[PDB]
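Participant: Just to be clear, this is only the beginning of the complex, oriented as in the whole thing:
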Amino acid sequence: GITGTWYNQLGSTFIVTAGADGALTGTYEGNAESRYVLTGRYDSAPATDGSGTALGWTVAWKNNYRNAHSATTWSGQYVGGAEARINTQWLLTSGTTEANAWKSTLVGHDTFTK
Amino acid sequence: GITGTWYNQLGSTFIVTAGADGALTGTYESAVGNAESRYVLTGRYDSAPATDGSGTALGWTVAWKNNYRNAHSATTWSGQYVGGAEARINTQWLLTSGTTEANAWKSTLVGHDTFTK
Amino acid sequence: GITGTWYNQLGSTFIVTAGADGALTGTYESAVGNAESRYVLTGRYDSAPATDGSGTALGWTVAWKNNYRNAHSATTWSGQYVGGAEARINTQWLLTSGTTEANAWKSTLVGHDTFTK
């Protein structure tokens, strides 16, 4: 299922483990200074009708090495089978002063392959 | 700072602990006072924010499954903590539901929330 | 009730004419006063809304180019009109700027705006 190593369109790598508790843990990454801790949740008892499995996770972009004062959340679903995929939409927020709060959040989409 | 209980306009509250390791752990109560409405929250925050008056970036996730219900969906909030006489967390959120591939175009809602401590 | 002059929280102002056509035309003054801050807007609205209490779906676009300035980007607002004496337009918006392909992942901001008449 979801546990394993996933790659997106643009080279990022995420190694995740799905607990039976609905917990998601892993890293978004190779080299230490590019690795960040992730945490999230997923639906551990999805519908049995062909629907995907809902899930979400967060990465705060601060590690031992660097800090971009920002965090990304990904919301999407796992679709299993032949080529398993995770289709997501994401929000990136940066810490801003009150003056720039209007432009603090980027939106995008990502697809991961196992 | 972030550690505490937070309420929105609209009848929702959450209790959270901001760990020194950048972890966010807590429980989200969808309907204030309703015990079957409690869900695990887990997220991350910037544990060393800028000292230039900028807020503190964060995010969390709730999958809407608990002992009592399962809505087959998950919400993620992305935003920032703004300290003040009245502290706030300002967010944008994405709620994704499980769908078949054909209905994927309609699986994700977007909105915004503001919580006050 | 849509036709008229609207203001948001940030002190942007827009003036719209709502056509029976379902056309929305007018100008968006991101500032107040100056020609230099004035841009064309165009959009569309549901000109035969449900009469069950639900609001009126609408959308419009501004490209941030005028004869004084060009920010190489455009914003789209998607929302609905709630009529009556305390009329309001609640929106979510997307701002996209021109980028290279390599940099397209950071080209679009999302946010929300509330307008009052």
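Facilitator: Sure, I can see it. Residues are numbered from 1 along each chain as shown, chains lettered A, B, ... in the order given.
Participant: Now the residue of chain A found nearest chain C. Nearest residue, chain neighbours left out?
Facilitator: Using C-beta to the nearest C-beta, the single residue of chain A nearest to chain C is residue A:107, 4.1 Å away. Heads up, the C-betas are built off the backbone N, CA and C, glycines and all. In this structure, residue A:107 finds its nearest non-sequential neighbour in residue C:110, 4.1 Å apart by C-beta to C-beta, 6 or more residues apart in numbering or on different chains.
Participant: Tally up the residues packed near the one you found, please.
Facilitator: Neighbouring residues of residue C:110 were enumerated by other C-beta atoms under 10 Å in any protein chain shown; the total is 20.
Participant: hmm, back to that, could you give the angle of the helix or strand hosting the residue of chain A closest to chain C to strand C:108-116?
Facilitator: For residue A:107, the host element (DSSP states H and E) is strand A:105-113. Using axes from the mean of the first three to the mean of the last three C-alpha atoms, to 10 degrees, the direction of strand A:105-113 lies 140 degrees away from that of strand C:108-116.
Participant: and the next element down the chain from the lengthiest strand in chain A?
Facilitator: For chain A, the strand with the greatest residue count under DSSP state E is strand A:67-79. Going down the chain from strand A:67-79, the next helix or strand is strand A:85-94, by DSSP H and E.
Participant: Format the CA atom coordinates belonging to that next one as CSV.
Facilitator: Output of strand A:85-94 as CSV, limited to C-alpha atoms (Å, rounded to 0.1, in the frame of the first residue of the first chain):
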residue,chain,number,x,y,z
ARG,A,85,0.2,6.8,-7.4
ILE,A,86,-0.4,9.5,-4.9
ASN,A,87,-2.2,12.5,-6.4
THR,A,88,-1.9,15.7,-4.3
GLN,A,89,-2.7,19.4,-4.1
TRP,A,90,-0.4,21.3,-1.7
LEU,A,91,-0.2,24.6,0.1
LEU,A,92,3.2,26.2,1.0
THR,A,93,3.0,29.0,3.6
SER,A,94,5.9,31.2,4.6
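Participant: quick one: the strand holding residue A:107 to chain centroid distance?
Facilitator: Distance of strand A:105-113 from the chain centroid (C-alpha atoms, centre = their mean, to the nearest Å) equals 9 Å.
Participant: Using PDB, list the CA coordinates for it.
Facilitator: Extracted in PDB, the C-alpha atoms of strand A:105-113 (Å, rounded to 0.1, in the frame of the first residue of the first chain):
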ATOM      1  CA  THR A 105       0.800  31.000   0.500                       C
ATOM      2  CA  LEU A 106       1.600  29.200  -2.700                       C
ATOM      3  CA  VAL A 107      -0.600  26.500  -4.200                       C
ATOM      4  CA  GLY A 108       0.400  23.600  -6.500                       C
ATOM      5  CA  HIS A 109      -0.100  19.900  -7.400                       C
ATOM      6  CA  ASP A 110       2.200  16.900  -7.200                       C
ATOM      7  CA  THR A 111       2.000  13.300  -8.400                       C
ATOM      8  CA  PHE A 112       4.200  10.600  -6.800                       C
ATOM      9  CA  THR A 113       5.100   7.200  -8.100                       C
END
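Participant: go ahead and place chain D:
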Amino acid sequence: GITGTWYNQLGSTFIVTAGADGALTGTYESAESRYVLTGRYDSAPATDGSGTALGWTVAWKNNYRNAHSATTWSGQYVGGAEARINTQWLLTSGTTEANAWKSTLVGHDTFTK
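Facilitator: That brings us to chain D, laid onto the chains above:
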């Protein structure tokens, strides 16, 4: 290069004209299925390799049907060889205000000429 006929990732077609004044005017076929489109684009884009920013709106009402909804697409045009439009979109339906929180969907679409 924006003027023309564009096709998305399964079905939908649109025909648009890019006016000298920054206007986009056209027709969107969501498969009786034809609707008015209107928008704006950057008529004087940077010459540094950057795409052309744009946006357009469709309200889903024509003389045959009405879904009490409107979609806005925001994105950019990428010219040359494999010219395309990459967009993200917001779909808002009229709702009562108790149901406001669930009025707006968000997505992405890519168009080809």
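Participant: again for the neighbour count of residue C:110, since chain D is there now?
Facilitator: Residue C:110 - counted by other C-beta under 10 Å - has 24 other residues nearby.
Participant: The one 4 residues further on too?
Facilitator: Other residues near residue C:114 number 13, with proximity taken as other C-beta under 10 Å.
Participant: and if you look at the one 3 residues further on?
Facilitator: A total of 16 residues lie near residue C:117 under the criterion other C-beta under 10 Å.
Participant: was I right about it contacting residue C:3?
Facilitator: No: in this structure residue C:117 lies outside contact range of residue C:3 using C-beta atoms under 8 Å: 9.8 Å.
Participant: Next to chain D, which bits of chain A? Give me the list.
Facilitator: Residues of chain A lying near chain D by C-beta under 8 Å from any C-beta of the partner chain: A:89, A:107-109.
Participant: And the furthest pair within those residues?
Facilitator: Farthest apart among those by C-beta to C-beta are A:107 and A:109. That separation is 8.2 Å.
Participant: Quickly list what's touching both of these two.
Facilitator: Here residue A:107 and residue A:109 share the contacting residues A:89-90, D:88, scored by C-beta atoms under 8 Å, 6 or more residues apart in numbering or on different chains.
Participant: Pick out whichever of those residues sits closest to chain B.
Facilitator: Distance to chain B, by C-beta to the nearest C-beta, is smallest for residue A:89 among the shared contacts of residue A:107 and residue A:109, at 5.3 Å.
Participant: Mind listing the residues bridging to that closest one?
Facilitator: residue A:75, residue A:109 (DSSP bridges).
Participant: shouldn't it be in contact with residue B:105?
Facilitator: No: the pair residue A:89 and residue B:105 does not pass the contact test of C-beta under 8 Å, sitting 11.8 Å apart.
Participant: Overlap in contacts, the two.
Facilitator: Common neighbours of residue A:89 and residue B:105, using C-beta under 8 Å, 6+ apart, are residue D:107.
Participant: Now chain A against chain D: closest residue?
Facilitator: Nearest to chain D in chain A, going by C-beta to the nearest C-beta, is residue A:109, at a distance of 4.7 Å.
Participant: Report the contact partners of that residue.
Facilitator: When contacts are counted by C-beta under 8 Å, 6+ apart, residue A:109 touches A:87-90, D:88, D:108.
Participant: Contacts only, for residue A:108.
Facilitator: For residue A:108, the contact set (C-beta under 8 Å, 6+ apart) comprises A:89-90, A:92, C:105, C:108, D:88.
Participant: and what of residue A:40?
Facilitator: Counting by C-beta under 8 Å, 6+ apart, residue A:40 touches A:23-24, A:55-58, A:74, B:42, B:61.
Participant: What residues are bridge-paired with it?
Facilitator: Note on residue A:40: beta-bridge partners by DSSP bridges are residue A:24, residue A:57.
Participant: repeat for residue A:85
Facilitator: Bridge pairing for residue A:85 (DSSP bridges) gives the partners residue A:79, residue A:113.
Participant: so residue A:20 touches residue A:3, yeah?
Facilitator: No: judged on C-beta under 8 Å, residue A:20 makes no contact with residue A:3 at a distance of 10.8 Å.
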